[PDB]
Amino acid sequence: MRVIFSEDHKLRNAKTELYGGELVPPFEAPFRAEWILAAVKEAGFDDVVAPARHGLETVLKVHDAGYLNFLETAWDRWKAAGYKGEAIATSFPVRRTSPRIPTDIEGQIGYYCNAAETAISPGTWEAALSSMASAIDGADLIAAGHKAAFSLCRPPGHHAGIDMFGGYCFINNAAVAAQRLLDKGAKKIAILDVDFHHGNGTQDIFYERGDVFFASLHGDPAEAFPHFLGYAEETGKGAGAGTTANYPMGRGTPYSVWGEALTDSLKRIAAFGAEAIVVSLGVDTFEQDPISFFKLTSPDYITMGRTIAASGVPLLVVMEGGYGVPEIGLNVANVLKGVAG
């Protein structure tokens, strides 16, 4: 299957991440894309193409315009204000705050952020646009008839909500892809988020919408980032009623348990009548992942891809998280092997 990948991911090469009270090099760094690309090619997925560029048509249907405007100028404004580090939010509109949007960069960066560990750096916006473009071109391949494609997105997307960045994410690539599929003629689409972390940004975007079903398997938010969404009770509101399905799971979860949640999520998606599934693929579910507490093995990713593809509807696989260890590439490639086999 075709792999869509932009070298412009490298424009996001942030120096710092706030982790454990320290400013350290970020987990979500360019070497991840290098490792994943090499592994997918090694596994025989060597039909790699750059995305065409895209403007904001599709993304404006899932993200707020003010938010996108903010991201486009955030770095320039931060630098113009004289700050010496990267652009890191510290004040946030938490409980019982005004809904008003500040005018300055310090206030706006907090207004538009859900998670302060993620610094905005020079090139971040351009990189995010390239990653979005990979998702859009992957979606277009599915819309045009392919049954599988892989968008090697970096930066990742699933923590970016309607109007907030965080969790290493700026533009919700999977949400843009789902929207693209709707725009190309689908009436019903599902996003299945198998990254270790809850896709709170994706959930937010579609929570009141009934055209896109959102399912996520993830570490229990009571004890895992993103901490403030992803409970099983969240099933949707309004037009979105019954089209969010969260499967929080605990420490040490192995495939024998995780796979039961996968089966159930696919039942839900099939009952909803999805015409295609956008898979938000993070491999931070791996037993060696440095920031995560599930215990999937490399062979389990083959099983995972096979099971998702046995839905018998077309798949767009969209890269999310997975850190640290050389096996992030093997693990991604293994999902694709399961899909293609």
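In case it trips you up, residue 1 is the first one in the sequence shown, and so on.
For the segment pair 189 to 197 and 134 to 142, the entry gives 134 to 142 the higher mean B-factor, averaged over Cα atoms. The mean C-alpha temperature factor is higher for 144 to 152 when 144 to 152 and 211 to 219 are set side by side.
You'll see in the entry that, of 63, 306, 53, 32, the Cα B factor peaks at 53. The entry assigns its greatest Cα B factor, within the set 225, 168, 112, 78, to 78.
Compared with the other modelled residues of the chain, the Cα B-factor recorded for residue 27 ranks in the middle third. Residue-level temperature factors show residue 184 in the highest third of its chain, judged at the C-alpha atom.
Residue 335 sits in the lowest third of its chain by CA B factor, as recorded in the PDB entry. In the deposited entry, the Cα temperature factor of residue 125 sits in the middle third of values across the chain's modelled residues. Among the modelled residues of its chain, residue 101 has a C-alpha B-factor that falls in the middle third according to the deposited record.
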